[PDB]
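See below for the structure under consideration.
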Amino acid sequence: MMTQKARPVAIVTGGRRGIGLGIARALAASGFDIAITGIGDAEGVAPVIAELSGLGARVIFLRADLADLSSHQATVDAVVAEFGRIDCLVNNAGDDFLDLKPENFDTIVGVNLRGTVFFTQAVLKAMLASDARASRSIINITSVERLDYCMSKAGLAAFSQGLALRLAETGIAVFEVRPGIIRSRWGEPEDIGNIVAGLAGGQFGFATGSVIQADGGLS
Amino acid sequence: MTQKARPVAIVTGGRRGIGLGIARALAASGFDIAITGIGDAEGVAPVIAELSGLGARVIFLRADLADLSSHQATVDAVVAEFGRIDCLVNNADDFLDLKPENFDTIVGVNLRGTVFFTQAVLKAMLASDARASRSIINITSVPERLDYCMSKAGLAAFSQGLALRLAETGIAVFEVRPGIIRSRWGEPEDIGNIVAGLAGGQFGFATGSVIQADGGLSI
Amino acid sequence: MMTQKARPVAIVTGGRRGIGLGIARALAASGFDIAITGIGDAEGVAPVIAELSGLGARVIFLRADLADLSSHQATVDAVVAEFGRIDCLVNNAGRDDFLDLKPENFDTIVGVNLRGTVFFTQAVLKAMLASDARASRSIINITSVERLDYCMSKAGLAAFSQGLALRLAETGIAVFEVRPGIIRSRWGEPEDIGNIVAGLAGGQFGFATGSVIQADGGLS
Amino acid sequence: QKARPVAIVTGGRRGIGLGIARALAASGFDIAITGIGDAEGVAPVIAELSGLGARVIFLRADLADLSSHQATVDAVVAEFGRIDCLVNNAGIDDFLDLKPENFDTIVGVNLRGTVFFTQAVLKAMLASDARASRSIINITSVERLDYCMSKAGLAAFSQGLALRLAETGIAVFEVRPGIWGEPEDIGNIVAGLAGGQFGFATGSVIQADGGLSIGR
Numbered sequence: 001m002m003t004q005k006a007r008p009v010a011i012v013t014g015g016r017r018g019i020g021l022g023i024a025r026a027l028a029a030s031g032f033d034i035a036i037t038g039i040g041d042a043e044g045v046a047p048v049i050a051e052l053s054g055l056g057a058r059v060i061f062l063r064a065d066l067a068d069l070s071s072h073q074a075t076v077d078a079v080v081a082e083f084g085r086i087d088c089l090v091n092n093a094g095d096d097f098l099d100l101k102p103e104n105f106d107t108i109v110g111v112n113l114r115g116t117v118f119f120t121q122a123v124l125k126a127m128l129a130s131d132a133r134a135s136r137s138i139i140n141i142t143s144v145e146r147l148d149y150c151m152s153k154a155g156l157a158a159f160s161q162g163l164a165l166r167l168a169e170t171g172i173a174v175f176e177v178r179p180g181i182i183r184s185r186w187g188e189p190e191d192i193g194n195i196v197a198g199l200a201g202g203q204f205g206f207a208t209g210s211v212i213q214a215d216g217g218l219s
Numbered sequence: 001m002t003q004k005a006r007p008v009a010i011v012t013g014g015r016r017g018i019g020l021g022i023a024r025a026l027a028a029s030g031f032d033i034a035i036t037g038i039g040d041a042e043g044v045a046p047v048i049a050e051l052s053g054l055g056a057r058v059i060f061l062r063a064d065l066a067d068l069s070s071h072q073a074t075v076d077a078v079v080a081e082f083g084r085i086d087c088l089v090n091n092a093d094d095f096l097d098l099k100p101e102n103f104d105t106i107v108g109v110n111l112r113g114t115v116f117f118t119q120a121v122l123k124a125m126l127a128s129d130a131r132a133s134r135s136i137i138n139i140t141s142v143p144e145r146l147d148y149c150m151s152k153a154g155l156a157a158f159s160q161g162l163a164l165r166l167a168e169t170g171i172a173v174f175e176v177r178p179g180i181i182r183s184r185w186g187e188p189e190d191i192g193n194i195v196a197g198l199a200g201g202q203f204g205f206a207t208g209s210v211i212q213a214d215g216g217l218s219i
Numbered sequence: 001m002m003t004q005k006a007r008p009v010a011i012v013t014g015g016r017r018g019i020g021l022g023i024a025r026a027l028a029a030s031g032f033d034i035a036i037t038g039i040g041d042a043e044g045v046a047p048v049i050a051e052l053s054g055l056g057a058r059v060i061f062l063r064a065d066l067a068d069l070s071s072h073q074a075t076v077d078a079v080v081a082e083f084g085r086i087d088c089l090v091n092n093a094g095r096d097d098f099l100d101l102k103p104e105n106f107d108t109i110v111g112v113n114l115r116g117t118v119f120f121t122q123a124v125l126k127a128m129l130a131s132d133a134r135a136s137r138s139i140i141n142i143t144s145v146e147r148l149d150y151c152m153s154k155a156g157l158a159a160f161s162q163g164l165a166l167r168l169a170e171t172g173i174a175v176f177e178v179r180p181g182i183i184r185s186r187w188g189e190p191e192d193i194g195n196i197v198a199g200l201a202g203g204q205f206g207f208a209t210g211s212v213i214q215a216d217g218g219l220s
Numbered sequence: 001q002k003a004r005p006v007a008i009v010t011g012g013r014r015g016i017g018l019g020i021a022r023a024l025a026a027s028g029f030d031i032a033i034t035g036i037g038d039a040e041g042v043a044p045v046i047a048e049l050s051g052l053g054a055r056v057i058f059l060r061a062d063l064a065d066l067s068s069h070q071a072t073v074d075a076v077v078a079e080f081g082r083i084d085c086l087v088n089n090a091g092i093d094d095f096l097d098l099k100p101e102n103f104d105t106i107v108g109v110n111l112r113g114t115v116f117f118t119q120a121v122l123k124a125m126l127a128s129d130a131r132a133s134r135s136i137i138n139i140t141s142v143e144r145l146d147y148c149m150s151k152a153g154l155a156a157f158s159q160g161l162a163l164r165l166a167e168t169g170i171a172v173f174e175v176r177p178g179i180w181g182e183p184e185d186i187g188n189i190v191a192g193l194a195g196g197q198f199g200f201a202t203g204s205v206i207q208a209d210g211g212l213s214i215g216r
């Protein structure tokens, strides 16, 4: 109590609802300030900011389409402008094969996955600037039949592995979390939240590269 | 006594290097060969001739498989020549510096090419209806650039998912991961042997298998 | 607002030195009482006991050779007698070219030491299941991440972890595997592994049973 | 006629083991079959595989009994002069009720049996020195904890041997059956691997369940 500690800062993409919101709650409750990104309207966001604020966090919502690469820098900058630092990124993602259309592959692999890879780059750059050099994390939420989804998921898994190795010397740990089936018995968003809050809280600094199953063992 | 058809293989990029290795091994073991590529009249002639000598009927098809609209003509050409397809062989930096264009090229476009060319061949395999033993053999590899790692993981996930979806047809799906090859190393002949082996029929029941092909250096 | 309860109990096998002590320290600091087992004489453990007490923990040491199956029940009973509960088990335990490998060796490692971990866990699990509020509990197996018998035993332990996790998924008992890299007596510290185990043991990871945690600072 | 490569098929008397011996005989191998039981029902099998071109012998041996190993290898070398292929096929409910005796039998003795039989065969393989393509093929499976442990031990043994034997010409594969499968289906895979075309794929694991590995 002599010395005041910063609330570390977490970006939770798609943190407005579902697993994302389960994650923002757990992080808020465990001492993080929160920046949520999404395309959702103001009325959707308002009670989430109010609730999360209740748990003692300062919370912002950034309305931006992460699929669009030209929105990344502005989004990163709006976070740094609010809090002056970034400690944790949570990349929270959200059929017969003969029917598969290139449109679907383009959307899911060409656009969505690309958006995650490059937002991560934009966030990473701001993290690597700071130099405070505390314990930071990049946590990628994937899951576990649409082959393009399988491919995206696999890509992100290799992304996390590769990133973890590249960042091994830096104090930024990289993790993958694979949620199973979650209701809105079965898993709750609080269960994923708890896992993400555990990984973000610093105790796993030496566990970079790890893959956490999050399906209550059902596999 | 019943005459069996020489089974038909499409070896993509079969003109040089590893593809040629595979194309030879399959020829030598009773396959007719269709090779795809981009190269001029010159780079084609003694290859068709060498493979003809080994006992095969051989056609070359000029195709940039990255271009999706060229798929249907390519398949149609193979079907028009032999009347059936038995085997598809799908053959062939610091993160802060990674560029969206890089991703577009490798994940965005080349992986997409492989997936949808596979889809086109699949449709033609399935229509013929003989229902005999067919194979799709995906050739991959084993600090690298994170977009190649992602496409490689995409491809691997694609093999697994096809295997499962094709499990009740006579089409087996395999993944071959070659190590290091020549221009105590590995030959293109070595890869060929594995592929000839997998395509020869003895592996019908081994669908979903990943074959390491580095003479055990990966361990 | 903030609610403090009685302390859960952790058994840390081999918790007297090295990785085990780093684990016990972190468990103590994170709110657990501790039972340390060791094959060795109870001599020289007093400092550790006094240290972990400085971290708020009641701590006992129990002499036990876990390879000896007949010693299991007594050890488990002694922990229950001291604390009235067990919430966390931390299984923390321990050269040739293959043509020269000997049956005696395979037996020692595979034959006994791995048999030890398996059945000791079985004995703890009975004690855990005999009083369960289906409460938040965990079993954490510490392995590693070249000689063939150790590799096999590693593999066995990984398989054990998976299977036990599946089997225990109905209960509140999560099972994890933690694969340390090389650690100091660069490399990591026993504290890096302790933090991970303390993390797994704290409750936040109940839905994550069956997870394998890399604990080598991502160098593999 | 050319010389015939020689394969040891442990548990080759019936089931999957017979499917492998049948298929290796047809691809040009002579065969030695190993079995815990008496040699009674064997004659038919010996007759069938001769039809396929193969000289075949049956060796009664309990591979769980290490002291029987040397004699078995010696018997195969005595008959045939060489050993080109070892197929490890011989093998055999609530954890709260698991008994140390059960563990000992499956893990501490039977898995031990395979590991050490392989050691003995490999000693014979490495003395021959012929060092053309050779193979050791470990047959496993695609719920009782000790079995899973045994199988995982075997997967890992498989991988280590593969790496240790990398520079030698002896390749090491694991095959994982799940049987609507037939012993022929497994036999073909094994004949493919024992056949040479996979020398550079040592260490590879083969799935053998017709793709019910993520299906049912």
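Protein chains in written order, with our numbering: chain L, 1 to 219; chain X, 1 to 219; chain D, 1 to 220; chain V, 1 to 216.
From the three backbone atoms N, C-alpha and C, an ideal C-beta is built for every residue, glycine too.
| Check | Outcome |
| --- | --- |
| Rounded C-alpha distance that separates D/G14 from D/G163 | 24 Å |
| Any C-beta of chain X under 7 Å from that of L/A158 | yes |
| Bridge partners - V/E174, DSSP secondary structure assignment | V/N138 and V/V205 |
| Any chain D beta carbon closer than 7 Å to L/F204 | yes |
| CB contact below 7 Å: D/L148 versus chain V | yes |
| Short CB-CB distance (under 7 Å) between L/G56 and chain X | no |
| Same chain, Cβ closer than 6 Å to L/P8, five either side skipped, listed in chain order | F32 and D87 |
| Where the beta strand (DSSP E) containing D/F61 begins and where it ends | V59 to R63 |
| C-alpha distance - D/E51 paired with D/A24, whole-angstrom precision | 11 Å |
| D/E191 and D/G84 closer than 7 Å at C-beta | no |
| C-alpha distance - X/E168 paired with V/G192, whole-angstrom precision | 22 Å |
| Per-residue contacts from L/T208 into chain D (C-beta, under 8 Å) | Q214, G217 and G218 |
| Rounded separation between L/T3 and D/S30 - CA only | 22 Å |
| CB of D/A93 within 7 Å of CB of L/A214, strictly | no |
| Neighbourhood of D/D77 by C-beta, 7 Å cutoff - its chain only, sequence neighbours within 5 removed | none |
| Chain L contacts made by the stretch 173-185 of chain D, where a contact means CB separation under 7 Å | none |
| Contacts around L/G201, its chain only, beta-carbon distance under 7 Å, and the 5 residues preceding and following it disregarded | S30 |
| Buried or exposed (CB count within 10 angstroms, at least 16 for buried), V/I206 | buried |
| Chain L within 7 Å of X/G113, Cβ atoms only | no |
| Residue burial classification, V/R112 (beta-carbon count within 10 angstroms, cutoff 16) | buried |
| Closer than 8 Å at the beta carbon, the chain V residues around X/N193 | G196, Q197, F198, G199 and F200 |
| Environment of L/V59 [buried if 16+ CB atoms lie within 10 Å] | buried |
| Where residue 246 of chain X meets chain V, residues with beta-carbon distance less than 8 Å | For residue 246 of chain X there is no data in the structure shown, the boundaries of chain X being 1 and 219. |
| Close Cβ partners of L/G171 (< 8 Å) along its chain, the five nearest in sequence each way excluded | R133, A134, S135, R136 and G205 |
| Nearest candidate by alpha-carbon position, reference D/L89, set D/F98, D/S70, D/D97 and D/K126 | D/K126 |
| Per-residue contacts from L/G18 into chain D (C-beta, under 9 Å) | In chain order: nothing, as chain D lies at least about 15 Å away. |
| Collapsed DSSP secondary structure at X/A167 in the structure displayed | coil |
| Counterpart residues of X/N90 in DSSP-defined beta bridges | X/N138 |
| Reduced DSSP secondary structure (H/G/I, E/B, other) of D/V12 | strand |
| Contact between the stretch 143-162 of chain X and the stretch 148-167 of chain L (3+ Cβ pairs under 8 Å) | yes |
| Residues that D/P103 contacts on chain V, provided the C-beta gap is smaller than 9 Å | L66, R112 and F116 |
| Local conformation of X/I219 per DSSP, three classes | coil |
| For L/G217 and L/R185, the rounded distance between their alpha carbons | 12 Å |
| Segment limits, beta strand (DSSP E) that includes X/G37 | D32 to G37 |
| Within chain L, the residues that X/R131 reaches when beta carbons sit closer than 9 Å | Here the premise fails: no neighbours, minimum Cβ distance about 16 Å. |
| Coarse secondary structure for L/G201, derived from DSSP in three states | coil |
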